[PDB]
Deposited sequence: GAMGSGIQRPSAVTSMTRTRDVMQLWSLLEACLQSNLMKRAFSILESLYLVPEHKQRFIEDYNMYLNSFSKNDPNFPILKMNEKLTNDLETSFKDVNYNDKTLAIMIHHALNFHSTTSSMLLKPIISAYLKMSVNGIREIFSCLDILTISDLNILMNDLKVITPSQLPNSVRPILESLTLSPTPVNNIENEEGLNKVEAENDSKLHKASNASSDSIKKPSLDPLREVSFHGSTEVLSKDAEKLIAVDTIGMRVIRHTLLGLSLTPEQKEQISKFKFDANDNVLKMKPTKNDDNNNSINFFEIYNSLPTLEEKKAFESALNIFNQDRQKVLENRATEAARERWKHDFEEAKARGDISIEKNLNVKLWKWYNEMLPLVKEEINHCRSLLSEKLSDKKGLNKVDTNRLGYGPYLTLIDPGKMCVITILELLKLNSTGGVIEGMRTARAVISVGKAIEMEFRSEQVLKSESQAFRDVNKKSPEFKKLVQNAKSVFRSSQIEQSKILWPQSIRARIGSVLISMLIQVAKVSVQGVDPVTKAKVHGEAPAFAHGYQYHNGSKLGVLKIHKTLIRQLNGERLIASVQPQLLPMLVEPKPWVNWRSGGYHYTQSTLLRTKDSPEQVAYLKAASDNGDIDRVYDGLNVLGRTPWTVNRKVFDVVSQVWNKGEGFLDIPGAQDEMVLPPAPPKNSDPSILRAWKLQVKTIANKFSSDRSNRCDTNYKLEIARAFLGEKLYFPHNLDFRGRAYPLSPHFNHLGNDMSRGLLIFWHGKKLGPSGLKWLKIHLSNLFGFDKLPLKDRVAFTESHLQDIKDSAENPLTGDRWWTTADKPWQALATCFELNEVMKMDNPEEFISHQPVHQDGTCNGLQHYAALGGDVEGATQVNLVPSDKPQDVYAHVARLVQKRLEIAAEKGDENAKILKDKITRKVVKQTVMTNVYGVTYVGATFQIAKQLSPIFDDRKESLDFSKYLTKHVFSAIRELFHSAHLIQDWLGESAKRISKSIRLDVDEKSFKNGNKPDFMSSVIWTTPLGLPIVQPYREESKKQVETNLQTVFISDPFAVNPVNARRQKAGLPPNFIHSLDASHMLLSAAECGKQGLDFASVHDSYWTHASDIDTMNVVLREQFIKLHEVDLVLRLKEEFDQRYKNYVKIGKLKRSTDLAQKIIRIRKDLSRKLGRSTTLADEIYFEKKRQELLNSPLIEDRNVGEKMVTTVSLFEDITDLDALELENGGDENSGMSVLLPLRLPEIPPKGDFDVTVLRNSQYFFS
């Protein structure tokens, strides 16, 4: 039934609370079923399908794939348990000797203990599922890359074993397998799957043209040369591709992480929260061990409580699928033609007629490129259509009930929903489908905010609020037509920038228009409020810029000012002068330049035949926000210095070259909320690990790796700004959740009810103050000075000298007794560590004096971070009145 309709039906709030209380109890059991593990759900579902189909009979229907999968599982299980038996037959031999030099000596003795840890049927289901998920990935046309597949299967087995161990440990009340064991285990299992998976295929012989049928392996392991360097691939048979890119794919491969039906478990520590039964970490990224190490230490201290407050308010907001929009999208989906973003069902790719072989090489090269383009588009549309169908299936399942999205953080700290497939942070259609479960009376303000919301969706957000309301009023007849006849009518909503969301709001507004008193109407539609380029607002606040702040609406103004338009105007003038100069690049491209190109280049800059545009846009933004440019320079310089620094304690004789120490220090800083941020830009070193199928070129994440200085320097400014954005979001989320608002954030925008926007707006401004009343660049420099105190930097001798305390610091010559000066002992010790010319002891100390009187030599400076740039004067507290700060 439709729970949402029953909830809306109830007249009184006390009755609604009683019904919801009953609903939580009734939904607890269903939630437990939802959190069922993949191995159990997949095996039970396809086995049931096969058993039922056998009685019904054999046909190529919606469950045909499930029947095939159960057959493959049943005829692959004996292979794997025979492998386990043959592993135990020599694992109890206890004698490692001159045995079969390949099949049992090093290979089977290595992964022998790792196959036993988990029951065989689980491994079979895991390999089948993990190969089905990887269809059309990694660049392969209808398959996957073998390295990714072997690692995915081995890692899924590792995760299933460790989940079993966690469950056993809660019930009774290697650690992390190396990459080599993951690769070997995955390759061993997929080999058996390759050699039992058969599909029946048809074909017309060329010699006789007789339509002949026969069995063929469903998977094949081959290679492909890309740019002159082979990569091993696993191709999937086209007979199976027809069913992988099919409407019933969700039946075969169900989604383990779906929106929960019960309120998410509150986050109380880094490792506990979110799903009631499934156990999830507080960081989406698991590749970097250092980030998790710091996160664990911070969680242990308990200084991230504010991060939890924000995540728990973000997670405790109940949503519900928009049935009205769902029907329209379902109709369009069934129609099969290509809609605004839907590609449209295509049977097979159509290639242009091949040119004659005798044609000159350029013609053939062009044809090959065109074939590549057509194939890429076809694979793109198939992927998009499959993703859309999967999302609509999840939406259809959860149509009646209330669903919650638990959130996680990335290394920067941005919050992302735990359920990846269907969430409000996806594409326009996904956002259109979801609406807030709680309905709040619009009131006087809400009606205005709903109208301005529609105006914003249509792309007219530059104008003041009065103009936006005027636009909606002027288009009231169009709104009526769109809501009343979504597809049969003029489809005015389709012309909107965000058509699915525009349609949803059109439905809401149409309902409002039929009401004598609009304020009484209760709207579930979320209204999005956002600032124009949050990063610029932060750069202006940190810098204290006055000219820059005006463009980002920091200072109250009668008319809202958008940075994009101002920079576009300036860069337009810059191109105009460039064109007058005489370069034709500007002249040809002046007309093409539009607001979107500036919006994209500026967004990338602040968050990450023509080359004039990028330089000019950067120059214009730099001039517009000079303070921001100075801060960016300081951040980049600090990152570079930290990257070249070497820790005193970690330096020993372990280095491959005594005089060439590795750089293992990565920028680490603490968010105002206290979350630790560790830039994970290391230098990977890949190697060929040997597996059954091939030797895969994989890299070990446990292998400590020199830090990628270039990416560190290119990443401090954007990651610092992202950390500030996430801090502001989590602060405002905690506050709104305290005041009683349903707060949804999609990184750029903050969503709430139309009747709460005003309220939320206040909170937003306030929290911005509460974040920037303290000088953050200064606090960051102090934290850097503390964390990178006793480091030493390698320096060249081509530039000038900065200060006069280095010459005594490097030597550590002065007596250090009666005080703990083991740093002097330690610094000198490092020189001992550094391998100067010595067999004896004082030969590098007395040499630098000729450098201290200089002579070219790689010197050991002390790590000294620069002084923060001059902070322009701008009182951020004038923000309490800017009605266009966030809009």
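- Counting from residue 1 of the deposited sequence, the stretches lacking C-alpha coordinates in this chain are 1 to 296, 470 to 499, 935 to 960, 1192 to 1211, 1226 to 1228.
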